[PDB]
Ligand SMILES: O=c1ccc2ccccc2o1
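Shown below, as structure tokens, is a lone chain in the form solved without coumarin; questions about how it binds or moves come after it.
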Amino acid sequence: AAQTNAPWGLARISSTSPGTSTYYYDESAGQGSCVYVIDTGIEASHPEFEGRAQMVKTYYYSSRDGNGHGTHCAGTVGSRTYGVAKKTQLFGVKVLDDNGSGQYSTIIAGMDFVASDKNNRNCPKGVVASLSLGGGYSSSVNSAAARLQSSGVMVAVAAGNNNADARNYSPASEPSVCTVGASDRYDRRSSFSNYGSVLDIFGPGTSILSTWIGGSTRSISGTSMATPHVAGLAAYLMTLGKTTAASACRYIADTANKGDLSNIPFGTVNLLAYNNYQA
């Protein structure tokens, strides 16, 4: 299948070279798999979700996304127009407040929640967890990320936006999960993107068009926008039966576009997420 005039990040992921505008993907599009978006919530009623999104847990007074960040991330994962895995099932876990902040204890609880909750859901092709959040190093936050990964969920986390070594940031520094860096439309490392040896792959993160609260759309940047491109790609590959939750990160790194990125510091991988679609 082909999505003509797709957002640059979608075209990039199904292309070997930058500058294309069609997103080519397998029509299965992630159906059968499930992606948990652990953020500010998701506006499930947004028409781009087609009834495929649902709030499953909140840690605040309401489960609605009063921020927009989570709705944005969920759109990149699987909205009709801005999503990587167009037929996936989206579940929202609200661990961040409407200002986009949350505490470590609530973020850890959200992760333990998903590890248990996936057992009452029908996700025959696999379960993915998308975490476009992070903070200063915390061993308990890293540990919650590792438990989720070991429970059988593909965990993808943002590298962080401090233009620094991701080793001092959490969930990012957890070596068992998939740490995602951001890139721009010219194949340059996003200027704000963290880097370092803990990163596993890079995804499109500069000026990413996606859904927003109030039934709208908005273009924003961050390693937070790169994370969902790889969570969505993992869900698509798992439903294709190419990989599993436990090895999806490694399979993505193995099949990525290698050496295409510029501004990659010595010691950071130069791997760009790629679906390897051939019609």
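Sequential numbering from 1, following the sequence displayed.
Keep in mind the form deposited with coumarin bound is missing from the figure; the text below concerns it.
- No residue in the set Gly41, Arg64 and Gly110 has a non-hydrogen atom no more than 4.5 Å from coumarin in the deposited bound form.
- Contact check for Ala129: no non-hydrogen atom falls within 4.5 Å of coumarin in the deposited bound form.
- Under a 4.5 angstroms non-hydrogen atom cutoff, coumarin in the deposited bound form has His69 among its neighbouring residues.
- Among residues of the shown chain, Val84 is not one whose heavy atoms approach coumarin to within 4.5 Å in the deposited bound form.
- Mapping the unseen interface onto this chain, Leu90 falls outside it, with no heavy atom inside 4.5 Å of coumarin in the deposited bound form.
- Residues are counted as partner-facing when one of their heavy atoms sits within 4.5 Å of coumarin in the deposited bound form; in 127-154 these are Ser132, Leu133, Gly134, in sequence order.
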